[PDB]
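Reviewing the structure listed below.
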Amino acid sequence: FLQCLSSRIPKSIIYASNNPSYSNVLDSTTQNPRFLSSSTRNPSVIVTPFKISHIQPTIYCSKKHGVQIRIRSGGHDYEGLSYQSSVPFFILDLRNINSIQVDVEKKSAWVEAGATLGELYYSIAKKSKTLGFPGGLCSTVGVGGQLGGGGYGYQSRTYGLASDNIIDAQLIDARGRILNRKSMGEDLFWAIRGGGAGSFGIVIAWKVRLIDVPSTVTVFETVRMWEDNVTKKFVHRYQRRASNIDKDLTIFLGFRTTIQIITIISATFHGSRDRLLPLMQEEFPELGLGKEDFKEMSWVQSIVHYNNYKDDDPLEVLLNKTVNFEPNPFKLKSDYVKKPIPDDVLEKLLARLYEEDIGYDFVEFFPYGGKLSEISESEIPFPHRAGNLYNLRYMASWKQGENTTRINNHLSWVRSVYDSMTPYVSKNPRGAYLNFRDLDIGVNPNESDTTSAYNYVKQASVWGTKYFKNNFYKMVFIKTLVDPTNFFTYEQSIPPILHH
Ligand SMILES: *Cc1cc2c(nc3c(=O)[nH]c(=O)nc-3n2C[C@H](O)[C@H](O)[C@H](O)COP(=O)(O)OP(=O)(O)OC[C@H]2O[C@@H](n3cnc4c(N)ncnc43)[C@H](O)[C@@H]2O)c(*)c1C
Ligand SMILES: *[C@@H]1O[C@H](CO)[C@@H](O)[C@H](O)[C@H]1NC(C)=O
Numbered sequence: 030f031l032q033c034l035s036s037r038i039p040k041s042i043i044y045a046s047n048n049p050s051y052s053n054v055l056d057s058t059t060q061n062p063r064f065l066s067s068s069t070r071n072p073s074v075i076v077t078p079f080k081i082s083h084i085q086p087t088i089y090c091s092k093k094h095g096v097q098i099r100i101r102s103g104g105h106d107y108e109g110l111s112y113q114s115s116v117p118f119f120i121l122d123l124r125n126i127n128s129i130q131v132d133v134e135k136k137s138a139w140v141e142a143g144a145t146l147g148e149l150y151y152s153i154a155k156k157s158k159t160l161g162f163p164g165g166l167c168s169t170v171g172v173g174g175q176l177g178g179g180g181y182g183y184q185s186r187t188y189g190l191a192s193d194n195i196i197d198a199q200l201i202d203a204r205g206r207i208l209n210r211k212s213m214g215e216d217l218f219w220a221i222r223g224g225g226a227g228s229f230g231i232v233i234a235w236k237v238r239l240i241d242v243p244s245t246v247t248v249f250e251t252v253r254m255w256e257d258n259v260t261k262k263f264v265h266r267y268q269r270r271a272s273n274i275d276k277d278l279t280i281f282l283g284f285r286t287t298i299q300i301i302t303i304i305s306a307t308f309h310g311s312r313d314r315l316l317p318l319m320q321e322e323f324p325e326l327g328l329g330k331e332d333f334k335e336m337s338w339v340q341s342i343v344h345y346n347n348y349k350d351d352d353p354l355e356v357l358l359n360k361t362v363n364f365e366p367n368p369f370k371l372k373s374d375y376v377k378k379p380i381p382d383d384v385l386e387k388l389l390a391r392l393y394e395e396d397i398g399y400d401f402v403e404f405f406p407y408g409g410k411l412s413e414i415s416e417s418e419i420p421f422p423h424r425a426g427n428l429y430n431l432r433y434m435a436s437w438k439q440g441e442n443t444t445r446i447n448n449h450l451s452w453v454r455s456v457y458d459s460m461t462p463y464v465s466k467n468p469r470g471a472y473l474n475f476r477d478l479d480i481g482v483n484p485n486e487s488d489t490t491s492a493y494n495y496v497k498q499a500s501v502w503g504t505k506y507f508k509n510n511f512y513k514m515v516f517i518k519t520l521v522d523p524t525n526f527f528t529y530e531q532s533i534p535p536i537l538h539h
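Mapping of the sequence shown onto the entry's author numbering: residues 30 to 287, 298 to 539, in sequence order.
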């Protein structure tokens with residue numbers, strides 16, 4: 030494999046195990062610290078192209094020598110699939126493929142896969158205070174992965190997901206052909222906008238629609254005690270109102286221990312605080328929030344704020360490539376909720392936070408509705424639309440270095456929490472969020488360990504219909520057309536219809 034690469038691409042973009050910088054390049058975007066001790070995080074080579082023509086030979090060498098491709102842009106995949114495999118593999122790391130072209134007059138931008146959300150937001154904000162992009166929250170996330178999987182954040186109720194706002198793309202397929210929207214066709218251009226683009230090809234660049242944002246947005250955040258009847262009433266009404274209120278207001282909810300359970304309420308309102316005050320006093324008067332609890336800022340300042348930087352920090356903090364906190368290993372799972380959880384079941388859920396160490400486990404609510412209930416189930420592969428109140432996320436975290444038995448304890452905790460919620464969350468299929476990737480919901484069999492093509496597809500649909508509902512089956516046909524030999528494979532790759 031390595032011989033084939035070195036006779037075809039410059040040595041300067043090739044990092045093998047023997048290279049002293051291999052470990053830095055590997056670790057630099059291993060973004061879930063849980064996998065820093067994974068035995069499957071051992072690519073034989075990391076390739077870091079700096080121009081497009083570097084990529085086609087890596088496809089050729091990968092096919093000819095049986096070395097599986099793992100595509101990494103931001104490396105934020107929550108299961109670390111961009112840098113692990115149980116078969117011999119290499120990482121095509123697109124960090125240097127990162128140019129951004131912003132057209133303020135046409136309200137559009139071309140963004141290469143290795144650019145981060147922070148770099149995109151930075152480039153927009155340097156040119157206009159009133160344009161934005163609803164890309165998601167984390168400034169270090171790569172657009173290469175994010176825009177292929179949905180991409181949710183404080184703007185999604187107002188403007189849609191990141192994948193709801195894509196108008197062209199450049200993609201390299203398994204034959205090494207570099208295609209745009211016109212030459213890839215509408216089916217494949219549909220599939221990559223939220224279907225997990227790495228099942229179909231290597232996205233080189235996305236063309237996005239820029240959104241009009243108000244020159245003033247308003248944020249607020251407060252921490253309350255859960256053992257407080259006003260907090261409980263607010264949360265009771267939150268379940269019923271968060272997805273139905275004014276689409277300009279998005280409110281997140283989080284719970285952790287600190298010994299009591301605290302409730303974190305955080306929000307962004309796409310408007311001034313004079314507009315926000317009557318809305319909050321009509322929807323949640325029990326919060327008692329005054330004029331001075333709302334802080335006005337620009338759209339990009341609100342992104343800086345919610346990435347744990349100072350409100351008045353220079354925009355350059357958006358260009359940093361690692362999070363502004365030291366991260367703990369973690370395992371998250373998520374569910375979709377269509378009916379309010381009963382009061383006493385919510386109490387039983389939150390009490391499970393007492394079972395592990397203080398402040399290390401979390402339950403979080405991300406509301407749907409708004410624009411997300413206006414878009415059909417099949418507009419793009421992302422299917423989680425009207426009828427969903429919120430996505431409910433469960434997470435356990437621990438410190439780097441805990442022994443195996445304690446990690447298993449943490450994994451078992453969050454899995455049992457998930458199992459306990461089966462009666463109260465979506466079913467048939469039990470929905471799951473691709474960008475909250477969870478291997479526990481099902482993985483592919485080894486294609487050689489199936490008994491038929493139908494068998495391969497049906498097994499894969501276990502996880503497939505959870506992420507995509509029946510968009511999964513349209514994606515199976517598209518996969519069959521554009522990658523019939525299954526060059527792009529991994530634990531949750533869309534399967535082709537195998538010929539024999
Ligand atoms: C670490 C982190 C992740 C976050 C954060 N906040 C999020 C939020 O507010 N909303 C979300 O919806 N997701 C959030 N995430 C998760 C990540 O945004 C998603 O998990 C993305 O999928 C990660 O994208 P990226 O940064 O590129 O990480 P990768 O591992 O490189 O990509 C994930 C996935 O996509 C494939 N892939 C990447 N690049 C390509 C290209 N060019 N072509 C095809 N396929 C590609 C990878 O193989 C992998 O499977 C907040 C934080 C702190
Ligand atoms: C982010 O960029 C700013 C500007 O240089 C810098 O002050 C800050 O330390 C950076 N954040 C990091 C290194 O996490």
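The C-beta atom is built at its ideal place from N, Cα and C for all residues, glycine as well.
(message) Is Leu-358 a contact residue of ligand 2, with contact defined as CB to any heavy atom under 7 Å?
(response) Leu-358: yes, Cβ under 7 Å from ligand 2.
(request) Taking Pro-406 as part of the alpha helix (DSSP H), name the residues at either end of that continuous run. (result) That residue, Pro-406, is in no alpha helix (DSSP H); its beta strand (DSSP E) goes 400–406.
(message) Let's see if you can read the secondary structure: which residues bound the alpha helix (DSSP H) around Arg-432?
(response) Segment 429–436 is the beta strand (DSSP E) holding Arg-432; no alpha helix (DSSP H) there.
(message) Given this structure, state the Cα-to-Cα distance separating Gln-184 from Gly-408, to the nearest angstrom.
(response) Straight-line Cα distance between these residues: approximately 12 Å.
(message) Tell me whether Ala-226, by its Cβ, gets closer than 7 Å to a heavy atom of ligand 1.
(response) Taking non-hydrogen atoms of ligand 1 into account, the C-beta of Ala-226 is found less than 7 Å away from one of them.
(request) Output yes or no for whether 8 Å exceeds the beta carbon distance between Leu-121 and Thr-87. (result) Yes.
(request) Let me know the secondary structure DSSP gives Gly-283 once reduced to three states. (result) Three-state DSSP puts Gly-283 in a strand.
(request) Go through its chain and collect everything with a Cβ distance to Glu-256's Cβ below 8 Å, but skip five positions before and after it. (result) Here the set comprises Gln-299, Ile-300.
(request) Examine the Cβ distances between the segment 430–439 and the segment 308–315 and report whether three or more of them are shorter than 8 Å. (result) No, the segment 430–439 does not touch the segment 308–315.
(message) For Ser-137, list the residues DSSP reports as bridge partners.
(response) Bridge partners of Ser-137: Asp-132, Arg-238.
(message) Quick check on the burial criterion: 16 or more other C-beta atoms within 10 angstroms. Buried or exposed for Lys-155?
(response) Exposed, because fewer than 16 other Cβ atoms sit within 10 Å of the Cβ of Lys-155.
(message) On the criterion of 16 or more Cβ atoms from any shown chain inside 10 Å, does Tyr-267 qualify as buried, or is it exposed?
(response) Per the 10 Å Cβ criterion, buried.
(request) Sort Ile-304, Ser-412, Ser-244, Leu-431 by Cα distance to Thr-187 and report the nearest one. (result) Selected option, being the one with the closest Cα: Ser-412.
(message) If I measure Cβ to Cβ from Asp-352 and keep anything under 8 Å in the same chain, skipping five residues before and after, which residues do I get?
(response) Within its own chain, the residues whose Cβ lies closer than 8 Å to the Cβ of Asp-352, once the five positions on either side in sequence are excluded, are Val-343, listed in chain order.
(request) Find the nearest neighbour of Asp-106 within the set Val-402, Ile-303, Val-172, judged by alpha-carbon distance. (result) Of the listed residues, the one whose Cα sits closest to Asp-106 is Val-172.
(message) Quick check on the DSSP output: the beta strand (DSSP E) that includes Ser-373 runs from which residue to which?
(response) Residues 369–376.
(request) Compute the distance between the beta-carbons of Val-237 and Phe-308, then report whether it is under 8 Å. (result) Pairing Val-237 with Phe-308 gives a Cβ-Cβ distance that is not under 8 Å.
(request) May I ask you to report which of helix, strand or coil DSSP gives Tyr-188? (result) Looking at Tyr-188 - three-state DSSP - the assignment turns out to be helix.
(request) Please report the Cβ distance between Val-464 and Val-384, rounded to the nearest whole angstrom; I am assuming they are in contact, meaning their Cβ atoms lie under 8 Å. (result) That belief does not hold up - the Cβ atoms of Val-464 and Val-384 are roughly 11 Å apart, past 8 Å.
(request) Just grab the DSSP bridge partners of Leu-121 for me. (result) DSSP lists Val-76, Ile-100 as partners of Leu-121.
(message) Quick check on this structure: which residue in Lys-276, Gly-503, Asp-400, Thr-77 has the alpha carbon closest to the alpha carbon of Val-482?
(response) From the listed residues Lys-276, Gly-503, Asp-400, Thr-77, the smallest Cα separation to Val-482 is found for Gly-503.
(request) Helix, strand or coil for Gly-171, going by three-state DSSP, please let me know. (result) Strand.
(request) Could you spell out where the beta strand (DSSP E) holding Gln-199 opens and where it closes? (result) For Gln-199, the enclosing beta strand (DSSP E) begins and ends at 195–201.
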